[PDB]
Amino acid sequence: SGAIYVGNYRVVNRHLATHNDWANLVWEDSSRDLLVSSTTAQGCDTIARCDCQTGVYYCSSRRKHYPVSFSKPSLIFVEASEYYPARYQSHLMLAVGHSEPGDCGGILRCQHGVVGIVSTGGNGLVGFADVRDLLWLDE
Ligand SMILES: C#C[C@H](NCCc1cocn1)c1nn(C)c2ccccc12
Ligand SMILES: [Zn+2]
């Protein structure tokens, strides 16, 4: 579980969005596993605006923050889960690291701010949904 809170926006994994998020929907992309909903209070997370490939992610299944190298956002074939069939997930970055379903929403951060959230995993890899291209989160 987990979310990014920036301005009057809440960024969550689409497969973990609640009743309240869908009713106050701003934007959603199934292929990215992202959903943004409006909020009444202002958030304090800063979104990174960079092309960093090193950062630190939070892994709740280990209660630990791990430093990782990650690939640039791409279109990657992801195996079927209970939430989506087997498909090409877009704007996805991979790192060698531990992750379990319940780790989705864990933040990946660089020196410039929030890079993305845990969205996929398996075979000793963790996948993060990039949010650095969503420039409208800043305004
Ligand atoms: C099921 C599930 C989770 N993905 C749901 C979202 C999704 C499905 O396809 C593309 N995205 C998952 N996230 N992590 C970090 C895992 C690690 C190991 C095994 C599964 C997972
Ligand atoms: Zn950065």
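Numbers here are sequence positions counted from 1.
- For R132 (side chain) and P73 (main-chain N/O), no donor-acceptor pair under 3.5 Å exists by modelled atom type.
- Under the side-chain hydrogen bond (donor to acceptor under 3.5 Å, both in side chains) rule, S37 has a single partner from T18, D21, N24, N20, which is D21.
- Under the 4.5 angstrom side-chain criterion for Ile, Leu, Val, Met, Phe, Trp and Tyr, the cluster partners of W136 are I4, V6, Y9, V11, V26, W27, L34, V36, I47, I107, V114, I117, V131, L134, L137.
- Using a 4.5 Å heavy-atom cutoff, the side chains of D33 and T120 are not in contact.
- Taking 4.5 Å as the limit, every side-chain heavy atom of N8 sits out of range of all side-chain heavy atoms of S38.
- For the atom pair CZ of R10 and CG of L35, the computed distance is 8.5 Å after rounding to the nearest 0.5 Å.
- For the residue pair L92 and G127, the shortest heavy atom distance occurs at CD1-C, 3.9 Å.
- By the 30° and 60° cut-offs, the orientation of the rings of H15 relative to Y83 is tilted.
- Classification of the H65-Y58 ring pair by plane angle, with boundaries at 30° and 60°, yields tilted.
- Heavy-atom minimum distance, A95 versus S69: CB-O, 3.2 Å.
- Note that OH of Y66 is 7.0 Å distant from NE2 of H98, once rounded to the nearest 0.5 Å.
- Taking the charged nitrogens against the carboxylate oxygens, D29 and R14 have no contact shorter than 4.0 Å, which rules out a salt bridge.
- Atom CG of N13 is separated from atom OG of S1 by 9.5 Å, given to the nearest 0.5 angstrom.
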side-chain contact (heavy atoms from CB on, under 4.5 Å) evaluation trace for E100 with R62 | CA-CA 10 Å; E100 300 178 35; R62 292 287 181 273; 3.7 Å; yes
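- The heavy-atom pair separating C104 from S119 by the smallest distance is SG-O, 3.5 Å.
- Note that the CG atom of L108 and the CZ atom of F70 stand 4.5 Å from one another [nearest 0.5 Å].
- Side-chain contact between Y57 and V126 is present, with at least one heavy-atom pair separated by less than 4.5 Å.
- Here the straight-line distance linking atom OG1 of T46 with atom NE2 of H112 works out to 12.0 Å at 0.5 Å rounding.
- Between the side chain of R32 and the backbone N or O of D130 there is at least one donor-acceptor pair closer than 3.5 Å.
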With side-chain contact (heavy atoms from CB on, under 4.5 Å) as the test, would you mind laying out the steps for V96 and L125 before giving the verdict?
-> CA-CA 5 Å; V96 175; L125 311 170; 4.0 Å; yes
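- If you take CZ on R87 and OG on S31, they are separated by 7.0 Å, rounding to the nearest 0.5 Å.
- When all heavy atoms of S99 and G121 are compared, the closest pair comes out as OG-CA, 3.5 Å.
- Of the possible donor and acceptor atoms, one in the side chain of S74 sits under 3.5 Å from a partner among the backbone N and O of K72.
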